[PDB]
Structures are given as structure tokens and as C-alpha cells.
Chemist: 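Sending over a structure as C-alpha cells; questions will come in a sec.
For the single chain, residues carry numbers from 1 onward in sequence order.
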Amino acid sequence: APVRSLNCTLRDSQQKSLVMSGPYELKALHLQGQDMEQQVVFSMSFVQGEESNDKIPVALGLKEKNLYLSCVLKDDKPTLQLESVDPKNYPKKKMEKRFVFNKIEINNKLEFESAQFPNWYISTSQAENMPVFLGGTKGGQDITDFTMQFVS
């Protein structure tokens, strides 16, 4: 049947919200009040891939945009990009590997590991207003844990 999707927001474990930073980048900042309308709403699709109780393969699209987070090599490194797609073909159950994240539940938070690049994670910096990036380090300065809020 169709692929199933949920609308959601993400916050990092320091409680920073995610916003657009130009057309193909996201940034994380501290947000509260009227400014919370600026946050990005995701359409999280539940996609084909290796699965376990606590490891669920998803794609992260921007709500009602033909834009997905994806993991590609850039100037030779796993990086996070926003990638355009053909809007008549997406989302789909069998998403290409660069679009797939393993959504991992650990200690009442979530981590999003690249299915394409094991042990690389959606990350934020401790500083305000810096890019969301694909980070090969857990337990350092880079923040790799999030909470999800389910949106109408």
C-alpha cells in the first residue's frame, strides 16, 4: 500500500529547535513563543530497511515540500544535505539509501543514524544558529540526541 507518514518536529537534547537556513540547509537555535512558527515541520515516512524493536528506518522530508534530508559523500566525507526530488514519485516505501535514517530510541531520546554511513548521526552544535550536520562523533561537543513532537 502507500508509505505511511507522520508530521512532526524535532528538538535537540539542549532543547534547540530546527529552522531553515537558506534553501538547502537547516540550523538549530533556541526558540520559544511567537518565533516557534519558524520551526521546520517534518513528514517522517516509515520506509523499507533493516528494523529491530529500537531501530526503525525513516526518511525525513519537509512537510509539503519535495525536499528530503540525505547523506552523501562531499569533498570526500559523509555529509548531510537537503535534496530535491520529483514530487510525483515521493514519498515512497522503497526510499534510496542516502535518504534513510535509523531512528534509534535510547534513554528516552532519539538518535538518527545514517543507514548509508554507519555510526554517522544527525547532529547539532552547542552554539546557536549553526548548521545541522552529519556527525561521526557521539559523547563529545556534537549533540546527537533529540525529542520528537507529533504535529496535526
Side-chain angles (χ1 to χ4, degrees), residues 2-31 38-54 56-92 94-104 106-107 109-140 142-148:
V3 56
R4 285 200 286 165
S5 305
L6 288 178
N7 289 351
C8 64
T9 64
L10 297 177
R11 293 212 279 275
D12 79 14
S13 52
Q14 258 306 331
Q15 301 256 62
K16 298 203 299 302
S17 288
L18 307 188
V19 295
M20 295 307 299
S21 189
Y24 302 112
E25 198 160 66
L26 303 182
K27 69 198 186 171
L29 80 170
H30 283 107
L31 282 179
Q38 301 164 31
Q39 70 191 319
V40 296
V41 182
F42 298 90
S43 180
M44 180 180 296
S45 290
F46 294 86
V47 300
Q48 174 180 311
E50 169 72 342
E51 173 166 353
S52 78
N53 284 345
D54 305 324
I56 297 301
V58 305
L60 296 171
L62 282 44
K63 181 198 154 71
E64 285 173 342
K65 305 191 158 299
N66 57 328
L67 286 171
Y68 286 79
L69 288 175
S70 70
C71 306
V72 298
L73 292 179
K74 184 171 206 142
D75 167 55
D76 310 307
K77 196 199 143 83
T79 73
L80 186 68
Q81 66 174 22
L82 278 170
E83 181 173 339
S84 316
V85 298
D86 183 335
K88 170 254 198 59
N89 289 331
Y90 288 86
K92 69 186 167 188
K94 305 174 168 217
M95 290 291 285
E96 297 79 0
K97 191 150 291 160
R98 61 193 181 268
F99 295 119
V100 181
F101 299 88
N102 299 313
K103 181 180 60 83
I104 297 161
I106 291 159
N107 282 129
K109 300 288 281 166
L110 298 171
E111 304 163 330
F112 290 88
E113 182 200 39
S114 174
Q116 176 84 288
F117 302 99
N119 298 312
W120 284 80
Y121 297 87
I122 301 176
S123 305
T124 61
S125 293
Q126 284 291 349
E128 197 87 341
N129 239 259
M130 302 292 291
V132 182
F133 64 96
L134 196 59
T137 303
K138 299 198 301 177
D142 306 343
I143 298 153
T144 57
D145 294 326
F146 298 79
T147 64
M148 185 180 17

Chemist: Can you tell me how far CG of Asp54 sits from CD1 of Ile104, rounded to the nearest 0.5 angstrom?
Modeler: 9.0 Å
Chemist: Going through the checks in order, is the side chain to side chain donor-acceptor pair (under 3.5 Å) test met by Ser123 and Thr144?
Modeler: CA-CA 5 Å; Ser123 305; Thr144 57; 5.8 Å; no
Chemist: According to the salt bridge (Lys or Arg N to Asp or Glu O under 4.0 Å) rule, which pairs have a member within residues 9-31, sequence neighbours left out?
Modeler: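 The answer is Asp12-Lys16.
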Chemist: Nearest heavy-atom pair of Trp120 and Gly136: which atoms, and what distance?
Modeler: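 Looking at all heavy atoms of both residues, the closest pair is CE3-N, 3.3 Å.
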Chemist: Checking the side chain of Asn66 only, and the main-chain atoms of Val85 only, is there a donor and an acceptor separated by less than 3.5 Å?
Modeler: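 Present.
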Chemist: Would you name the heavy atoms of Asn102 and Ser114 that are closest together and state the gap between them?
Modeler: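 What the structure gives for the nearest pair is ND2-O, 4.4 Å.
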Chemist: My understanding is that only residues two or more places apart in sequence, or in another chain, count here; which of them pass side chain to side chain contact (heavy atoms under 4.5 Å, CB included) with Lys97?
Modeler: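 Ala115, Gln116.
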Chemist: How close do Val132 and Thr124 get, heavy atom to heavy atom, and via which atoms?
Modeler: CG2-CG2, 4.3 Å
Chemist: Within this structure, what is the CZ-CG distance for the pair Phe133 and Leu80, rounded to the nearest 0.5 Å?
Modeler: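 It comes to 9.5 Å.
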Chemist: Give, for atom CD of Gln39 and atom OG1 of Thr9, the distance between the pair rounded to the nearest 0.5 Å.
Modeler: 4.5 Å
Chemist: Show the nearest heavy-atom pair for residues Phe112 and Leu60, with the distance to one decimal.
Modeler: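 The answer is CD2-CD1, 4.1 Å.
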Chemist: Nearest heavy-atom pair of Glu96 and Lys92: which atoms, and what distance?
Modeler: OE2-NZ, 2.6 Å
Chemist: Supply the atom-to-atom distance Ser45 OG to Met95 CE, rounded to the nearest 0.5 angstrom.
Modeler: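 Reported to 0.5 Å precision, the distance equals 6.5 Å.
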Chemist: Got a sec, which residues hit salt bridge (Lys or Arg N to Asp or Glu O under 4.0 Å) with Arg98, two or more places apart in sequence or on another chain?
Modeler: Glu83
Chemist: Side chains of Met44 and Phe46: closer than 4.5 Å at any heavy-atom pair?
Modeler: yes
Chemist: Within a radius of less than 6.0 Å around CD of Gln14, do more than 12 heavy atoms belonging to other residues, nucleotides or ligands occur?
Modeler: no
Chemist: Tell me, please, which residues at least two apart from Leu62 pass side chain to side chain contact (heavy atoms under 4.5 Å, CB included).
Modeler: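 So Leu62 forms a side chain to side chain contact (heavy atoms under 4.5 Å, CB included) with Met20, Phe42, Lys65, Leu67, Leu82.
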Chemist: Identify the heavy atoms of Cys71 and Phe117 that sit nearest to each other, and give their distance.
Modeler: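 Here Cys71 and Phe117 meet closest at O-CE1, 3.5 Å.
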Chemist: Going by side-chain hydrogen bond (donor to acceptor under 3.5 Å, both in side chains), name the residues that satisfy it together with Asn119, two or more places apart in sequence or in a different chain.
Modeler: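 Not a single residue meets the side-chain hydrogen bond (donor to acceptor under 3.5 Å, both in side chains) criterion with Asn119.
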Chemist: Would you compute the distance between atom CD1 of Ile143 and atom OG of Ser125 and round it to the nearest 0.5 angstrom?
Modeler: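 Result: 7.0 Å between the selected atoms.
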Chemist: Could you pull out all residues at least two apart from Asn7 that satisfy side chain to side chain contact (heavy atoms under 4.5 Å, CB included)?
Modeler: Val41, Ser43, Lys63, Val151
Chemist: Are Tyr24 and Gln81 side-chain neighbours, meaning at least one heavy-atom pair lies under 4.5 Å?
Modeler: no
Chemist: Working to the nearest 0.5 Å, report the span between CD1 of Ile56 and CD of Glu50.
Modeler: 10.5 Å
Chemist: Just jot down the side-chain hydrogen bond (donor to acceptor under 3.5 Å, both in side chains) partners of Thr147, sequence neighbours excluded, or say none.
Modeler: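 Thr147: side-chain hydrogen bond (donor to acceptor under 3.5 Å, both in side chains) contacts with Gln149.
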Chemist: Report yes if some heavy atom in the side chain of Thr79 is under 4.5 Å from a heavy atom in the side chain of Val72; otherwise report no.
Modeler: yes
Chemist: Evaluate the salt bridge (charged side-chain N to carboxylate O under 4.0 Å, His left out) criterion for residues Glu113 and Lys103: first the C-alpha distance (whole Å), next the side-chain angles of each, then the deciding distance (0.1 Å), finally the verdict.
Modeler: CA-CA 7 Å; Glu113 182 200 39; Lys103 181 180 60 83; over 6 Å; no
Chemist: If the condition is salt bridge (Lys or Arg N to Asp or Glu O under 4.0 Å), which residues does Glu128 pass it with, not counting sequence neighbours?
Modeler: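 So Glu128 forms no salt bridge (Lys or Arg N to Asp or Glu O under 4.0 Å) with any residue.
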Chemist: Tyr68: which residues meet the ring pair (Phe, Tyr, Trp, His ring centres under 6.0 Å) condition with it, sequence neighbours left out?
Modeler: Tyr90, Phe99
Chemist: According to side chain to side chain contact (heavy atoms under 4.5 Å, CB included), who are the partners of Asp75, at least two apart in sequence or on a separate chain?
Modeler: none
Chemist: Can you tell me which residue among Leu110, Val47, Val58 is in a side chain to side chain contact (heavy atoms under 4.5 Å, CB included) with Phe101?
Modeler: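 Among the candidates, only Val58 passes.
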